[PDB]
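# A look at the structure
Listed below are the residues making up each chain.
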Protein chains: 2
Amino acid sequence: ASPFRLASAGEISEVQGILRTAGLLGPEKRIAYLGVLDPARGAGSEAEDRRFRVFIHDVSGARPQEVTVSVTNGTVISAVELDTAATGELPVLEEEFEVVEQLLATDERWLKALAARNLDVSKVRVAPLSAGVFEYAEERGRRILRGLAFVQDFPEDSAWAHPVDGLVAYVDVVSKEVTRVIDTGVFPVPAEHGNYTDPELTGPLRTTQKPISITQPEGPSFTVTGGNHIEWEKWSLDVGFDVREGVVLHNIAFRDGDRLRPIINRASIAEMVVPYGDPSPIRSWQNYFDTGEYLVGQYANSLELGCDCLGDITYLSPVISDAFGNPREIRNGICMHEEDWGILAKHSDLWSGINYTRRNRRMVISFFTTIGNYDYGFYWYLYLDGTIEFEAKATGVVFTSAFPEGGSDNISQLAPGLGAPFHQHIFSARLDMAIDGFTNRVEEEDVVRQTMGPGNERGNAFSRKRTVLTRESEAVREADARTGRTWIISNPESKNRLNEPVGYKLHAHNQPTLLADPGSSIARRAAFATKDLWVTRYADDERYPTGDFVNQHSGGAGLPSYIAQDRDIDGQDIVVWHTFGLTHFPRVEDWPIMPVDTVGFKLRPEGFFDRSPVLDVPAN
Amino acid sequence: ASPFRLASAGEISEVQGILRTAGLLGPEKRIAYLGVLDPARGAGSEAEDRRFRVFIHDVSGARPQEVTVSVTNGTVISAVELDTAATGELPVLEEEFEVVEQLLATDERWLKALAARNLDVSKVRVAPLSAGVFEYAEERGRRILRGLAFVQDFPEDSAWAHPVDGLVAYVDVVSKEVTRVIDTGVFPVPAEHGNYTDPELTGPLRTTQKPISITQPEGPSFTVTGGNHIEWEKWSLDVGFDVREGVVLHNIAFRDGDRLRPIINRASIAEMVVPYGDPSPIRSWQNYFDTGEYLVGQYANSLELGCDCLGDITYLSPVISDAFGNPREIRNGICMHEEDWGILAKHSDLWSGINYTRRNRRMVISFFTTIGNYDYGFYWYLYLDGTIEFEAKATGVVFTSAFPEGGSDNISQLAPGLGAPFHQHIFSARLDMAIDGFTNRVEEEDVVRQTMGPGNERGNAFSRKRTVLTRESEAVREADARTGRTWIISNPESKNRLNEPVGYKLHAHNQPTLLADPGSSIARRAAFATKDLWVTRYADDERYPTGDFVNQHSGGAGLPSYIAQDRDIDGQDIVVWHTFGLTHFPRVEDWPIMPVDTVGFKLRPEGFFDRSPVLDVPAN
Ligand code: NI
Ligand code: NI
């Protein structure tokens, strides 16, 4: 029924048929990306027009195509040919992962490099990594993958423990040619293993941990209807899933008594980049756009009950397409549950004798993905008081290198001879704002200190100032933790009872943004990451901060281009793009396996309600 | 037993007996402060010497006294008479609170002010607030409290909803005289009530929340021995309680294999100030040092099971002295339990076929206090991975005023006619560091951006830089969220297996520090709040960032005086003083009762261990 429901297996199959039939699907055609399209903001619209967008790659070498299918009608709406050298390459196919190792295994240059290091080629794993865009003119138009080797001493051995520094290969995965093999020098291959399940390393396991049981004897307080529509403690929303973004949230609204008030139209992590700060040519090109180039949604783990999600869990098993258009289900790929969150409000009043205490709760919508060495958990939380929060959790095994003799200013030692190059994990949350509807605007609020003098004789006064961002060319903002800078999104035509425009305030963590030199390739390709907040006029084709085809795209692809339009954002349909991330200088405690590190942001009601929206929560 | 055990009722009664016996506790005497002292450094003393320090007030007006007694030896170690005009008044006595409203009820100036606003004196509550130090010369040497009125329409009414602006009185609470009554003009007294338990206001209560049962079938995993010694998942510590500071953590150590490795010798919230930013003469003097002036510990609530502390809880009921030296127990005033904390580490390795997931947990030690309209929760957390964290939770009722007719730059509106002056809640965590022992050092670590060019041809490199703070003169530091500034505390003589000094990194939230003009009284009295981090050389008499006597005390004592000694802190017994707080511009959502707002900091191991300390964590 709902046009926001999750894609069905049936719908994926139908897309396959429709493609085949029109000749768009054949023998050397691989589906690099396939995902349902969101409704077009119309009124009654065309009853229900479920459209899917597909990126189709051609194994032979023929030009790829961007095609939009209509499943309800069974038609092909568009089918454009893509000039990848112009618009960038398509998302890396899962099936191209092995290819880089296989091709290198017969390359005499590779083999020579391995032989000089006394490495058995059958033990050398090669990580198929994105290439980005650097000084290699012969790569433009070609679908390249770079490779870095890791020695795996046996089937269950952790290869990350054994990086082979001083060597890197570039591979054309279409023409199947090893375009280049670079050996800058031999580096000792770290010998210590990092097998965290090897009782020789772990030591005897702890016997001290006693059970903690989180149970809901009467079940959860939230309802799931129409497959992915959630209703919980006045909150209302639809849980979507896209192969590229992962869990996406639609129509986040709050039922303020009678009115179901919209807050956020669509919330998603539209991009996730991991830039490395090691100036060694072996790794200086390394920058993974986990969302844009690899598609974090396809690599979502099947979360196990009790281990990954504890308590009363309600799962969603999204369905994606495989390389040939067949539907694949990610069983238990999404966790939905409500968890206790301490004290919500408390006051023991002397004068009244009333002692009041209420407990908080947060609805949780999460998924965990695995991209090579890292694993990331994406968590969305809705709180009783109207707060919306996102939190990313980074784990996995660190990406290793050799630790230079003489130390390093760009790499840290994890174990003898083992290094961990400096890097960052930068996210972009795309928030299609709908504060009490689509007529919104954003203001930058700074704390204002005042000078002692007339009107402030005791020099105790302090205020706040708000600047409305009116045109897109003024909506590219940076953080200022010092002055407590935040950004408020309000509806200038919807006022609370005190006659103030209803709003929501965005609280960032103010972590550092992209450190790379402004003139670097990564600065140009991931320009969104050089600023904390961007505001754009909504447009159905501006979906990602880095553009639609990130793989090997030259630069300035998304936000910088969109922002160039300089559209009116003062009281219009707008989108807030918040850049936030972690800057990592790995520590010895991050090895052999990294404990979770976290980052995020949140939005709190700012005059949205007429008084506290949690006065009706019972004692219990 | 352990010299860190909590003070028992017997010891307090004995301190009383010893004071009495010595002629220090006659009938006109009142205990303004009583607390056990920590054992001396090194411990060159044979056996235990439980010493208590006391601040003795004299109701007849005689000079007060600071006394240290040895309850073990039944002796008085020292007893000095205090010149309060010079060194500061003693903490406000709980009994002086009621004095303000009652003396004013018969003052004709007060009565004339109330009559002018048509208020029945029998319904006018007076909030007895600390006075601070301003231009009132007649106050120097006297114990003054200022009063602000709030109307209470009936016994169970919330007076905070009805502030009486334009009026303030000053009262000498010893001589029992109303020194001054200031009426700047009448302001409408807000009429709307703020009774959060009134069904008319709350509306019908939600029937939607289903139960969340958190149980521990086999009991908790921590052990409590000697009354306050906790051992949990390799952590070891003693939970102390001081009437001024509240919960204080002693001897925080981690069992790294065979060795019990010290991390933090003593951790406490040594001070907290709540400055107001309304330049109205009615409130411009308003600044509460809840810890130093009121003593947050004495006002600790008795926590209710399931309401305040859900799960398997182990309670501590600390004992304090009453104004007469008799022991008084705070029943269930401290909550101790462990809580699940999501995913600790996770990795699904392609190359190995090994899928690994471990869950996190944290030991929680907390207490909640109520000082007038505000209620604060103080939480300490210990994580499986070695992370230490503190979190303050601010709730209660907003301090109100009238909302000016033509708006306000320093006050916000909560209801019709109801205002909420701007303010901050700033804390000072005093961390007596012992990273693998007392020989510590602090380095300020900034992320370092590099220019593209020779050695960084692709402009992708980024580094880190560490500056050692060698003398106290250079140990007063500010935050820099932009360059990822943190501070590392290391033991320059204890190295990990990679031959690097073991350490812990302090991650601050980088919230705005004290906003008041530097030349303000509050800037001088709360100098510690104007900077994020201070490092001092340990001294047994440097306990609080503001000095032993904050009440009506000007600048001259505290951190700025300690620092001037300019001692060596490079590899010595040192103490870290971290300032962190909330800046509040109240919102309508904060009325009638405030939802919890939080702030804090944490310390993560930084090359302290030789590898991840959680490899032995089982399935879970
Ligand atoms: Ni990392
Ligand atoms: Ni506040």
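## So, the overall build of chain A
- Across its full length, chain A carries seven helices and 34 strands.
- Relative to its length of 620 residues, chain A is compact, with a C-alpha radius of gyration of 26 Å against a globular reference of 25 Å.
- For chain A, the spread of C-alpha atoms along the three principal axes comes to 85 × 60 × 60 Å.
- In chain A, of all internal contacts separated by at least 6 residues, the share reaching a separation of at least 24 is 65%.

## Overview of the interface of chain A and chain B
- Facing 154 residues of chain A, the contacting portion of chain B comprises 152 residues.
- Buried area between chain A and chain B, both sides added, is near 12800 Å², and the carbon and sulfur share of it is 53%.
- Looking at the side of chain A facing chain B, the largest losses of area belong to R206, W351 and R458 of chain A, adding up to 8% of the total buried there.
- Our enumeration of links across chain A and chain B arrives at eleven salt bridges.
- The partner of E192 of chain B in a salt bridge is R497 of chain A, and the shortest N-O contact between them spans 2.8 Å.
- If you look at where chain A meets chain B, you find 74 residue pairs in polar contact.
- Of all the elements, strand β19 (residues 334-348) of chain A adds the most residues to the side of chain A that touches chain B, at ten residues.
- Relative to strand β9 (residues 213-215) of chain B, strand β9 (residues 213-215) of chain A runs antiparallel, the two being bridged by three bridges.

## A few points about the coordination of the nickel ion (ligand 2)
Residues and elements named next belong to chain B.
- Within the protein, the nickel ion (ligand 2) binds to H423 (NE2), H425 (NE2) and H584 (ND1); these donor distances fall in the range 2.1 to 2.3 Å.
- Of the residues examined, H425 reaches a relative accessible area of 5% and is grouped as buried.
- Residue classification places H584 among the buried positions, given a relative accessible area of 11%.

## A short note on the relation of the copies chain A and chain B
- Superposition of chain A onto chain B requires a rotation of 180° combined with a translation of 0.0 Å along the rotation axis, giving an RMSD of 0.4 Å. Such values leave the two copies arranged in the relation of a two-fold axis. Taking C-alpha positions as the reference, the residue of chain A nearest the rotation axis is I214 of chain A, at 2.3 Å.

## Here's the deal with unusual backbone geometry
All names here are of chain A.
- The omega torsion of the bond from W591 to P592 falls at 0°, within 30 degrees of zero and hence cis.
- The backbone of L295 sits at a positive phi, close to 65°, despite the residue not being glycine.
- If you trace the backbone, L295 turns up in the loop between β15 (287-289) and β16 (314-316).
- The exposure class of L295 is buried, given its relative accessible area of 1%.
- Despite not being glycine, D566 has its phi angle at roughly 55°, a positive value.
- Along the chain, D566 falls in the loop between α7 (559-563) and β33 (574-584).

## Quick look at the pairing of strand β13 (residues 246-256) of chain B
Residues and elements named next belong to chain B.
- Within β13, nine of the eleven residues are buried, leaving the element largely enclosed by the surrounding structure.
- Where strand β12 (residues 235-242) and β13 come together, seven bridges link them in antiparallel fashion. Bridge pairing in β13 links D242 to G246.
- From the end of β12 to the start of β13, which pair antiparallel, there are three residues.

## Describing the coordination of the nickel ion (ligand 1)
All names here are of chain A.
- Taken together, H423 (NE2), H425 (NE2) and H584 (ND1) make up the protein donors of the nickel ion (ligand 1), found 2.0 to 2.4 Å from the metal.
- Written as a sequence motif, the donor residues of the nickel ion (ligand 1) are H-x1-H-x158-H. Placement of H425 in strand β26 (residues 423-433) and of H584 in strand β33 is noted, with a sequence separation of 159 residues between them. Each member of the pair, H425 as well as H584, carries the same accessibility label: buried.

## Points about helix α3 (residues 96-104) of chain B
- When we look at burial in α3 of chain B, the residues that qualify are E96, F97, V99, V100 and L104 of chain B. Around the axis of α3 of chain B, the buried residues are gathered within 165° of arc, so they sit on the same side.

## Details of the sheet that holds strand β25 (residues 418-421) of chain A
All names here are of chain A.
- Strand order across the open sheet formed by three strands is β23-β25-β24, with antiparallel pairing between neighbours. Every other strand in the sheet has two partners, leaving β23 (401-402) and β24 (411-415) as the edge strands with one partner each.
- Bridging between β24 and β25 involves four bridges; their strand directions are antiparallel. Along β25, the bridge assignment pairs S412 with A420.

Cut-off values and rules
Residue indices run from 1 on each chain, following the sequence as it is written; they may not match the entry's numbering, and residues absent from the coordinates are omitted. Starting at A for chains and at 1 for ligands, labels are handed out in the order in which the entities are written. Only heavy atoms go into the side-chain values, all of them from the structure, while hydrogens and water stay out. Residues with missing side-chain atoms are left out of burial classes, side-chain pairs and their counts. Labels follow the DSSP assignment, with helices taken as runs of H or I lasting at least four residues and strands as runs of E lasting at least two, numbered in each case from the N terminus. With C-alpha atoms as the basis for the radius of gyration, the globule rule is written as 2.2 Å multiplied by the number of residues raised to the power 0.38. Residues count as neighbours in contact if any of their non-hydrogen atoms are within 4.5 Å of one another. Joining two parts hides part of their accessible area as seen by a 1.4 Å probe, and the buried area is that hidden amount summed over both. We define a salt bridge as a contact between a side-chain nitrogen of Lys or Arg and a carboxyl oxygen of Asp or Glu at a distance within 4 Å. Under the rule applied, a polar contact is a pair of N or O atoms within 3.5 Å (in protein, one hydrogen donor and one hydrogen acceptor; residues adjacent in sequence only if both atoms are side-chain atoms). Two strands form a pair only when DSSP identifies at least two bridges running between them. Donor criterion used throughout: N, O or S atom within 2.8 Å of the metal, extended to 3.2 Å for Na, K and Ca. Water excluded; incomplete-looking sites may result. Three exposure classes are used, based on accessible area relative to the maximum for each residue type with a 1.4 Å probe and protein chains only: buried under 20%, partly exposed in between, and exposed over 50%. Between copies, superposition is a least-squares fit restricted to the C-alpha atoms. Note that the arc is defined by the directions from the helix axis to the C-beta atoms.

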